[PDB]
Structures are given as structure tokens and as C-alpha cells.
Amino acid sequence: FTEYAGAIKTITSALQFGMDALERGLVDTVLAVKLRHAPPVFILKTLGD
Amino acid sequence: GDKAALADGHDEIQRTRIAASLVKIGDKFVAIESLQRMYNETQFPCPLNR
Amino acid sequence: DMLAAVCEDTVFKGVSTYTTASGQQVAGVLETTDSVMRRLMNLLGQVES
Amino acid sequence: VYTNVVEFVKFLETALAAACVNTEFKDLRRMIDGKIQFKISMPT
């Protein structure tokens, strides 16, 4: 029983790892979208005036 | 009248209580977040460091 | 720096002779002449007297 | 006869002891080793 129920803990902790490595994918790619459209200050500042 | 059609269902969303940092700059309120905890716990390089 | 140069390894261990005007006790007796006390009252303000 | 008595010290009444967890162990001469096995999972 404790080999069985010690095996169901491993596979969930391998699969909670599955979803929560994909929620980092959101925070990566959304920040990666911003940096493609983010020019620096010295380029954009004099275009602001 | 267009704003109710422009809201596109972002009205009627249930509001909640979010914990984050804020700051006061002039007439504008800005939120401050540093993302190294989500990058250095996984031991990848950060894109903010250029 | 003169005040912490005198040691406190005193063999009495309990004789509290004189107290201050508030409840503390006098550490030492700083004895000068008049032409030095007249300047050590202005800089160092007397408190209890 | 005039004697001195030195000031006695306590370990747990010094502010050093914020940097130590303190469990009294009755028979330490009966111990060989001790160990703490950390298990660090890692997200990706």
C-alpha cells in the first residue's frame, strides 16, 4: 500500500510540474512580446516631443 | 453608448484583491514588479539583463 | 574615552553609597579648576546639579 | 578578608542565540553521526 500510494505521489508531483512549467511559459512569452516592441529611451524621447 | 459594446465583457468580471507593490509618480500610479524569482529559481538567464 | 579607561573590577560588590537626583548612581567625580569648569559647563550642559 | 566574585554568564540570555537552534541532547557520547537529507525539487 505504501509503495502504491508512494507511487501516486510521484506521478502527481511530476504532473503538477507539468502545468506549472507551462504557467511560466505565459510570463516568459508575454514579457518576450513586450521586449520586441520596446525601443529604448534615447530613440523614443525626441520622437515624443 | 459605444463603450458598453467596446467593453466586450470586461465589465461584469468579478473584482478581487491582488497583492502587489505600487508607487506614486506625478499624477500617475505605477506598479513595480521585479521578475528574478520566476527566472532564478529555474536557473535560466533573465531577459531584463541585457 | 577617559571615562571607559578606568576599570570596574571592584572588590566591594554591593556598596551603593550615593545616588543621583533621579534614581541612578554617580560613576565618578570629575574634578577640575575654575577656568576649565567654566568651559565644561557651556559645552557639556549640566543636567541635575 | 576581601574577596571578589566574577560575574557569571548564561548562554541562552545572550543575543548570540538568535543564530542557533537549541535542543539539549541527553547522551551525545552514544552518537556516531547525524544527517539531514535535503530533497530540492526544481521547476523549469
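Brief remarks on what is shown
- Looking only at residues in segment A:1-22 that are assigned to a loop (DSSP other than H, G, I, E, B) and within 19 Å of residue D:40 (Cα to Cα), the one that is nearest to the other protein chains (Cβ to nearest Cβ) is A:21.
- Residue within segment D:16-30 that is within 14 Å of chain A (Cβ to nearest Cβ) and charged (D, E, K, R) present: no
- Number of positions in segment B:21-37 that are surrounded by fewer than 10 Cβ atoms within 10 Å (Cβ to Cβ) and either over 30 Å from residue A:21 (Cβ atoms) or more than 14 Å from chain A (Cβ to nearest Cβ) (or both): 11
- Residue in segment B:30-47 that is free of Cβ contacts under 8 Å to residues at least 60 places away in the same chain and more than 23 Å from residue A:24 (Cα to Cα) present: yes
- Pair list, Cβ < 8 Å and 6+ apart or interchain, from segment A:18-46 residues that are without any contact (Cβ under 8 Å) to a residue 60 or more places away in the chain to residues that are aliphatic (A, V, I, L, M): A:24/B:38; A:27/B:35; A:27/B:38; A:31/B:35
- Scanning chain C for residues that are among the β-branched types (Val, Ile, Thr) and more than 14 Å from every other protein chain (Cβ to nearest Cβ) turns up C:6, C:17, C:19, C:20, C:26, C:29, C:32, C:33, C:36, C:47.
- Residues in segment A:23-45 that are facing another protein chain (nearest Cβ under 10 Å) and among the aliphatic types (A, V, I, L, M) were compared, and the one that is surrounded by the most Cβ atoms within 10 Å (Cβ to Cβ) is A:31.
- Residue C:22 of a type outside the set (D, E, K, R) and within 21 Å of residue D:2 (Cβ to Cβ): no
- The combined condition, being part of a loop (DSSP other than H, G, I, E, B) and either acidic (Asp, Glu) or under 14 Å from the mean Cα position of the chain (by Cα) (or both), is not fulfilled by residue C:4.
- Top-ranked residue of segment D:31-44 - restricted to ones that are among the hydrophobic types (A, V, I, L, M, F, W, C) and away from chain A (no Cβ under 14 Å), ranked as farthest from the chain's Cα centre (by Cα): D:38
So basically every Cβ, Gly included, is an ideal-geometry build from the backbone, and we count neighbours across all protein chains shown. Read the figures in this text as sums done on the coordinates, not as results from a lab.
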